[PDB]
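Structure below; questions to follow.
Chain lettering (A, B, C, D, E, F, G, H and I) follows the sequence in which the chains are written, and residue indices restart at 1 in each chain.
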Amino acid sequence: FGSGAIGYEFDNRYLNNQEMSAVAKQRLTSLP
Amino acid sequence: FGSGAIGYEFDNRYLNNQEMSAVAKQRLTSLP
Amino acid sequence: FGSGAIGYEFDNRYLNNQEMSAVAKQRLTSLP
Amino acid sequence: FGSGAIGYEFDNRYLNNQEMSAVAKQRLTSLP
Amino acid sequence: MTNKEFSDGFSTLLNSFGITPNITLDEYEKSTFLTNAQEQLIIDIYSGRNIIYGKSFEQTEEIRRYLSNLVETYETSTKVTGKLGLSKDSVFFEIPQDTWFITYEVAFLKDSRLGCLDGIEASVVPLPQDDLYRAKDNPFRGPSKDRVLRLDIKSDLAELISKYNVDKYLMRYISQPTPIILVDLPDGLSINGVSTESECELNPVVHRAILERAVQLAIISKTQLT
Amino acid sequence: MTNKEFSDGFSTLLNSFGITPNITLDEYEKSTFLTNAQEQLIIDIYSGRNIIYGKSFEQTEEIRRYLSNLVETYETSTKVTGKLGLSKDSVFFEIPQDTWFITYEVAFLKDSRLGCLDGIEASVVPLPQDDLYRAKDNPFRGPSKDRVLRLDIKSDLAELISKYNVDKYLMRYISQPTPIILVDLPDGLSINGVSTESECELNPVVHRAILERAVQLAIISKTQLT
Amino acid sequence: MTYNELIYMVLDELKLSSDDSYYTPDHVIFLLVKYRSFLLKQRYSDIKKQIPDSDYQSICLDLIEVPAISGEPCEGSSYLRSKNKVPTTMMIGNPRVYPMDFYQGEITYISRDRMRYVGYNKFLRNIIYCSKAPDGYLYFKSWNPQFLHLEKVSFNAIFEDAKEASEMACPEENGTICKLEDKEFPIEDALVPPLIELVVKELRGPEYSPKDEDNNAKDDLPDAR
Amino acid sequence: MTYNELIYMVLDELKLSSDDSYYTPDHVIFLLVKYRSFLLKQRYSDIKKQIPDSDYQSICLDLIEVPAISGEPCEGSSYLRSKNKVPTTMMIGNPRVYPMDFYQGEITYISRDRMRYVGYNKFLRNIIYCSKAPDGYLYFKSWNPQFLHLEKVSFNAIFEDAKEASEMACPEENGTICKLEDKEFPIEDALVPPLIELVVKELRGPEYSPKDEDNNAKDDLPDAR
Amino acid sequence: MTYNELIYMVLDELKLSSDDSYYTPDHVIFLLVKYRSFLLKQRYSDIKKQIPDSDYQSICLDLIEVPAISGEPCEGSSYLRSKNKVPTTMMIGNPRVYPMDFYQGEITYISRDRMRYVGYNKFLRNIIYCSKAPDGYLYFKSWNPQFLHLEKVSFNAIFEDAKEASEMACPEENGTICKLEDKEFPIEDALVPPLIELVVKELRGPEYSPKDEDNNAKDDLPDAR
């Protein structure tokens, strides 16, 4: 059969968690 | 067969755990 | 056959361990 | 065939090990 | 086709009074075989067991146009009083006595406990007797404002088990067809209780299928011991 | 092919009056078998059950060109008053009585409630009686401004269930073909109620297939007991 | 693009062309309208992003003065409210009630909870506030008795039901578009292929499933009839 | 490359050559434009990059003076709006309104929300502004009354619909091109193989799907007819 | 290498030798020209690398003086522009307009947006600037009225459509090459095997696909006819 109303949102949530992990390592450094 | 009332909750809980792991790394830096 | 009275609790325990690992990295920082 | 008196104990022991690993990272921080 | 046309075409198809070996039948046997073919064909078509069509009662326009002239609708509000039922809230309604199969079936409810849902058109669900005990307390398959359970019993009766009072009983069934009697029969003879001439009431499309089925039935009748 | 050509080709294919054993038919028998072959062929074509063609009513250009001459369009605004239906908002329309299968069926609506959409053409959906109860309340498959439910009932009628008033009823069906009668038949005789000569109204493309099927039916009629 | 183009794209992907089809275009409209909101939430709820102009719709409302509770003296000041019930906005876009001119006026669309307590600031005593009450109407509130003369407003937002807000669509220059199929569907093109894919996946399986086809007082689905 | 080349490339890869085909070139046109927008957003929304001139497209607009709300003395200053509705733009490139000479003039094209509060700065009082209003037209506003004399402008941007902006395209030196199929499709050639692949994948499965062929007052899809 | 060698390599890899083949060499030219730009962008857009000399082409343009908008006095200074529309360059190479000698002269090819504001620097008032307007022509601009006498320039760049820029190819010593097949294809050899692989993969599947072959007023693809 076929339906993506639950897999699409889980994939989107997985990629959102990856998004937050990626942007949580961003730092504007100091001590130049 | 099929019923996704326990698969959905476990996938959602896994994504919640991964989200909490992601946001737990966030910091607002200091020493500029 | 089918029965989830042992797999459900093991999955729940796995996600509980993931829960505790995720929340154990949470820190309220100092030195601002 | 089937008998889960040794699979159950090994899965429970694996989850116990993973739980001990999780809680062993917990700290109550200092230097505020 | 008309009765004269049934007879003439039937004789032509059997090659009656031809030079080769053939079969000649009386008009009474023509009526008998035509009626038997008619009833067998329409039962097979309703049940979907005919291989040539392989289709159910209203599953295509072909079958619609075949059996459109047998479906009759019936209403009744009179309840048979003295009978024994499988529930206190069980009412009995008489069947028109010419029914073969009930295809649509509905009950209208008049009870003060229905609030502003009075006269709610409730579906009549035919239920087996295995399911009845466990369906009485079912809140999803048992009697309700939107459900009535019907059980067939002796003397052509319909036991309607409902939670609320039932005032009317709307139903649509396949009716008895008028037999195909090609000649006014002598005293004593009759087909389905009919003695005079009786024309087929179905559509002309299926008359020829009836004709060929009757021809095959006649051939089997005369050639089942040879 | 004309009636004379039909008869002559029938005789030639049957090897009538040749030296070898053969079959000779009367013009009445030729007419009967030609009509039977015609109607069998077109019904099998419409249902898509002919193994030779294996195509439905308008599934290819060939079948279009075969049954193009039976497609008749019909319009009616009169409603039959006294009939018992399965809903309050049920209107009944007569069928032309020469219909074989309804292929297009649409209904124009005139009501104030559908304001500025008045005179909307609406798709008549033939619906079985199983689905009627659970389709009355269905907002996607039930009656609405763009959809009407038609149920076949007795006496060649069409029960149109609509949420809005139905003003006009349009049809395009397959008609009774005129029989293939090769001679003015004597008194009493007729094919489909027609006694005089009647030429096939279909295209000449299918006349020879009809002739072949009629010949095969003739041999079957003469050679079903030997 | 219009409702017609999306609907018939879905139908042609599914090849539901015959009038004797189980899944009518109404199923398509329902699925499209729901999956639109689903996709918009999935894309514009995680983190704040630019919302294009295609996702929005303008409804026009006619306001009427109503008592707070009833006609009593002490039942509080009166409110204006839209004559008809208003669609529910999603919380992802830029909702705005404007006085028939988007580039002028200040009518603030706020939450239900906030509007209980607004205008106490002396400099904010002349600002009209809006919210959708649990009644389903858009209620207006302010401390400046001039607001009660307001007669017409237009509300621009990413409404949660495209069908409802399109039915409440504002009159165009030519005139009103009666048929919903001729109105414009509220979604950016970059979200249209995913929307069609989701709807077509939703109805592909059901399209070829068996039916309870025999009229025999029996359930015929277990036998794959 | 023109619309014809892309359309017929998709058709020939699908081998939809017979005129008796379910999927006509209009399906192809619709899918091509929607996947164009999809691909452009997928490529040029994550981070900022260079947009080539090929994804850009131009239209000709005729401006008419209109009231803000209606003709009244106190309803505010008038606006200039395009006579016809304007296609929605994609927020990925360099939208620009110019007075028929790209290398001259400063007519800023800003967000609709920003355009409310604009021109108060003393040095920004002679700058002409634009924003596609919820009505669908491109409204113009400025504090220097000379803007109302402006009669005709052009608008370059990466438009949401290639077809809508192609219909409103500027006249060429030779003249107008009557057929949409003879106009230049607005996408870079580096994005064309992905687009053709996506559209062919969209229509490959459906191309071989069963149809409800029989005319029998029945749904024939479950039987794979 | 020439267009002929690449085209016939693709055809022979596909074995499209019969004249009665669905996919003609024109499909091959289209796919080759698009996949060339695709590969060049994929290789020379991530990070800046040396571009070989094979990826470039020289077109020769004939310039004509044109008004900025029309013949009005106050409509600004006039521009030169190429007589015919110019191909769109990719942003990966070293575009350069030169006065028929690559090793001499300074004509700067800049972006459309930049050329609005150039030459205000007093030392840059004698530099000719170039850009492709949305009209599709190459427009020239400078503050030194001597530029308007310029009659011929040649433009060397990695053009986004090999067919267009090859059609505009500069006259050779022997003479013009009429047939495109005899001209030289613009790509480095290290990108040729990947290009052939991509095109052959693109047409391998479609090569063996079924056709709607029966002329019966019917779609015959669902039946794999």
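Keep this in mind: a residue touches a chain if its C-beta (ideal position, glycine included) is under 8 Å from a C-beta of that chain, and two chains touch if they have at least 3 such contacts.
For reference, the UniProt names are E, F = Ring protein 3; G, H, I = Ring protein 2.
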Recurring contact interface, reference F-I, options E-G, F-H or E-H [over half identical by residue number]: E-H
CA centroid of chain E to CA centroid of chain H, Å: 63
Separation of mean Cα positions, chain I and chain H [Å, integer]: 24
Cα-centroid distance, chain C relative to chain I, in whole angstrom: 58
CA centroid of chain B to CA centroid of chain H, Å: 39
Contacts with 2+ other chains: residues of chain H: 22, 209-211, 215-218
Where chain B touches two or more other chains, by residue: 18, 21, 25, 31
For chain F, residues that touch 2 or more chains besides their own: 46-47, 59, 102-103, 126, 128-130
All touching chain pairs, where touch follows the definition stated at the start: A-B, A-G, B-C, C-D, E-F, E-G, E-H, F-G, F-H, F-I, G-H, H-I
Chain I residues within the chain F interface of the complex: 214-218
For the chain E and chain F complex, residues of the former touching the latter: 1-2, 4-5, 8-9, 12-15, 18, 20-23, 52-53, 57-62, 64-65, 68-73, 75, 103-104, 106, 121, 123, 170, 172, 175, 203-205, 208, 219, 223
List of chain D residues in touch with chain C within their complex: 4, 8, 11-12, 15, 18-19, 21-23, 25-26, 29, 31-32
Interfacial residue positions of chain A with respect to chain G in the complex: 1-5, 8-9, 12, 16, 19
Complex contacts: residues of chain F adjacent to chain E: 28-29, 32-33, 36, 39-40, 43, 46-47, 49, 84-86, 99-103, 126, 128-130, 132-134, 136, 152-156, 176, 188-193, 221-226
